[PDB]
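Quick look at data_13.pdb (PDB, N, CA, C and O atoms):
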```
ATOM      1  N   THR A   2     -17.227 -14.455  51.812
ATOM      2  CA  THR A   2     -18.470 -14.492  50.980
ATOM      3  C   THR A   2     -19.317 -13.241  51.227
ATOM      4  O   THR A   2     -19.779 -12.606  50.297
ATOM      5  N   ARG A   3     -19.488 -12.934  52.486
ATOM      6  CA  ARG A   3     -20.295 -11.741  52.895
ATOM      7  C   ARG A   3     -19.612 -10.419  52.506
ATOM      8  O   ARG A   3     -20.208  -9.365  52.616
ATOM      9  N   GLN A   4     -18.383 -10.522  52.065
ATOM     10  CA  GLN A   4     -17.592  -9.324  51.645
ATOM     11  C   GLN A   4     -16.972  -9.598  50.264
ATOM     12  O   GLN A   4     -16.006  -8.969  49.877
ATOM     13  N   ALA A   5     -17.554 -10.543  49.563
ATOM     14  CA  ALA A   5     -17.060 -10.916  48.200
ATOM     15  C   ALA A   5     -17.144  -9.699  47.265
ATOM     16  O   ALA A   5     -16.295  -9.501  46.421
ATOM     17  N   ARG A   6     -18.181  -8.923  47.464
ATOM     18  CA  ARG A   6     -18.422  -7.690  46.648
ATOM     19  C   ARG A   6     -17.274  -6.680  46.853
ATOM     20  O   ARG A   6     -17.001  -5.865  45.991
ATOM     21  N   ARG A   7     -16.637  -6.775  47.993
ATOM     22  CA  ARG A   7     -15.504  -5.864  48.333
ATOM     23  C   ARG A   7     -14.321  -6.271  47.457
ATOM     24  O   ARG A   7     -13.551  -5.441  47.015
ATOM     25  N   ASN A   8     -14.234  -7.561  47.243
ATOM     26  CA  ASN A   8     -13.140  -8.123  46.405
ATOM     27  C   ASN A   8     -13.424  -7.789  44.938
ATOM     28  O   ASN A   8     -12.515  -7.533  44.175
ATOM     29  N   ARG A   9     -14.691  -7.800  44.594
ATOM     30  CA  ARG A   9     -15.108  -7.487  43.191
ATOM     31  C   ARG A   9     -14.797  -6.015  42.910
ATOM     32  O   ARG A   9     -14.442  -5.656  41.803
ATOM     33  N   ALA A  10     -14.946  -5.212  43.936
ATOM     34  CA  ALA A  10     -14.671  -3.748  43.817
ATOM     35  C   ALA A  10     -13.150  -3.597  43.676
ATOM     36  O   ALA A  10     -12.661  -2.692  43.029
ATOM     37  N   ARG A  11     -12.462  -4.517  44.306
ATOM     38  CA  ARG A  11     -10.970  -4.545  44.285
ATOM     39  C   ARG A  11     -10.518  -4.969  42.881
ATOM     40  O   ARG A  11      -9.465  -4.573  42.419
ATOM     41  N   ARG A  12     -11.347  -5.770  42.255
ATOM     42  CA  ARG A  12     -11.054  -6.270  40.878
ATOM     43  C   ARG A  12     -11.331  -5.107  39.923
ATOM     44  O   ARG A  12     -10.646  -4.935  38.934
ATOM     45  N   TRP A  13     -12.341  -4.342  40.264
ATOM     46  CA  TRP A  13     -12.723  -3.165  39.427
ATOM     47  C   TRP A  13     -11.617  -2.115  39.580
ATOM     48  O   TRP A  13     -11.362  -1.344  38.677
ATOM     49  N   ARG A  14     -11.000  -2.132  40.737
ATOM     50  CA  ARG A  14      -9.895  -1.179  41.042
ATOM     51  C   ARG A  14      -8.674  -1.672  40.251
ATOM     52  O   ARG A  14      -7.881  -0.887  39.768
ATOM     53  N   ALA A  15      -8.572  -2.977  40.149
ATOM     54  CA  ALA A  15      -7.445  -3.616  39.402
ATOM     55  C   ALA A  15      -7.704  -3.407  37.895
ATOM     56  O   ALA A  15      -6.818  -3.556  37.080
ATOM     57  N   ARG A  16      -8.936  -3.068  37.600
ATOM     58  CA  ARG A  16      -9.410  -2.809  36.205
ATOM     59  C   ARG A  16      -9.423  -1.280  35.981
ATOM     60  O   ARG A  16      -9.514  -0.810  34.863
ATOM     61  N   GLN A  17      -9.332  -0.558  37.071
ATOM     62  CA  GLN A  17      -9.327   0.935  37.045
ATOM     63  C   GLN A  17      -8.187   1.411  37.958
ATOM     64  O   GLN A  17      -8.409   1.990  39.006
ATOM     65  N   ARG A  18      -6.982   1.145  37.520
ATOM     66  CA  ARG A  18      -5.777   1.552  38.309
ATOM     67  C   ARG A  18      -5.564   3.068  38.202
ATOM     68  O   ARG A  18      -5.845   3.685  37.194
TER      69      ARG A  18
END
```

Represent the structure from my file as structure tokens, please.
Amino acid sequence: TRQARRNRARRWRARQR
């Protein structure tokens, strides 16, 4: 949870391969 934003950035990376 405290690093959920890191996962969201990972999703953005998955959206920006």

Q) Running DSSP on the backbone, which parts of chain A land in alpha helix (DSSP H), as a PyMOL selection string? A) chain A and resi 5-16

4 Å per side around range 4-12 of chain A: axis-aligned box centre and edge lengths, as AutoDock Vina command-line options:
```
--center_x -13.9 --center_y -6.8 --center_z 45.5 --size_x 17.0 --size_y 16.2 --size_z 21.1
```

(Q) Using Å and a single decimal, report how far atom O of residue 18 in chain A sits from atom C of residue 3 in chain A. (A) 25.0 Å
